[PDB]
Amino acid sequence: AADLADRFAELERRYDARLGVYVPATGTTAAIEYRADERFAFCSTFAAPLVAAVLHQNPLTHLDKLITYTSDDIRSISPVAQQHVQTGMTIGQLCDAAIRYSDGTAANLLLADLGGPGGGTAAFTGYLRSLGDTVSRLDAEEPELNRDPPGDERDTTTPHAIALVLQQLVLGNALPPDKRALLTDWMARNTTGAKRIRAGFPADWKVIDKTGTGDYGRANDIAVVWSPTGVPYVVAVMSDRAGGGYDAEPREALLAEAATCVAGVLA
């Protein structure tokens, strides 16, 4: 706050970055928005609504179905799937890995499970449309979805759009309570987000999140946070550093600082 928009702009200059932030309005707080309707690549953030789509589409015990895969299926960072290729992974294990480790092979297999044209990308986009998101689009799977040139609309969402999607999934009634809890718990146990939105909120706030990182210095985090008294907020922070070209380093610190600024306003 000096003001908030000024603080975000200062961060953009510091990190030679484009920063997008959205926090939906609540009973007593106005929406926080900065470049909130600009498009940014999903990166692995899409895996959160992907898991919601797969959960919604199937009986709960579909989680117990074993999926087999092999060498040519490992095409992207896949910390868990690389370890289990010899035995296979259940849908539940794939959901766990896709969310908690940003496992790209897991995401790819879940896309294939959802099925339909574009290896599942069309049905994934259709799931978002069913939640009233007319903005986001997924066009490729991993790793290609991380590589669209700056400005290209393929594989993008916006801080505004993805926040409203996440709000419905975790806080709203997009999913029945049992599936909602599975999704929430996986994000609660995320391993990839300690230096992002989590870094910006006091330890007595609960944080669940799904990160994303890609080329052109892309670094995102979408989260639901709860105050010490149980008041929830949805926080979407997205960034890229197109000025550094394809190999621009993603800079988590930017997201941590942006989240700290948001937390200051929400406290």
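A residue's number is simply how far along the shown sequence it sits, counting from 1.
A.B. asks: Take the C-alpha B-factors listed in the entry for 2-10 and for 258-266, compute each mean, and give the stretch with the larger one.
C.D. replies: It is 2-10 that shows the higher mean C-alpha B-factor.
A.B. asks: Comparing 82-90 with 108-116, which stretch shows the greater average C-alpha B-factor in the deposited entry?
C.D. replies: On average, C-alpha B-factors are higher across 82-90.
A.B. asks: Using only the C-alpha B-factors in the record, can you name which of 223, 199, 32, 48 has the highest?
C.D. replies: Largest recorded C-alpha B-factor: 199.
A.B. asks: Tell me which of 172, 143, 159, 132 tops the list for C-alpha B factor in the record.
C.D. replies: Highest C-alpha B-factor among the listed options: 172.
A.B. asks: When the deposited Cα B-factors of this chain's modelled residues are ordered and cut into thirds, is residue 17 in the lowest, the middle or the highest one?
C.D. replies: Answer is lowest: the recorded C-alpha B-factor places it there.
A.B. asks: Going by the recorded CA B-factors, say which third of the chain residue 193 sits in, lowest, middle or highest.
C.D. replies: According to the entry, residue 193 has a C-alpha B-factor in the chain's lowest third.
A.B. asks: Within this chain, which third does the Cα B-factor at residue 23 fall in: lowest, middle or highest?
C.D. replies: Its C-alpha B-factor, which the entry lists for residue 23, ranks in the lowest third among residues of this chain.
A.B. asks: Split into thirds by Cα B-factor across the chain's modelled residues, where does residue 214 land: lowest, middle or highest?
C.D. replies: CA B-factor rank for residue 214: lowest third.
A.B. asks: With respect to C-alpha B-factor, does residue 39 fall in the lowest, middle or highest third of the chain as deposited?
C.D. replies: For residue 39, whose C-alpha B-factor we compare with every modelled residue in the chain, the answer is the lowest third.
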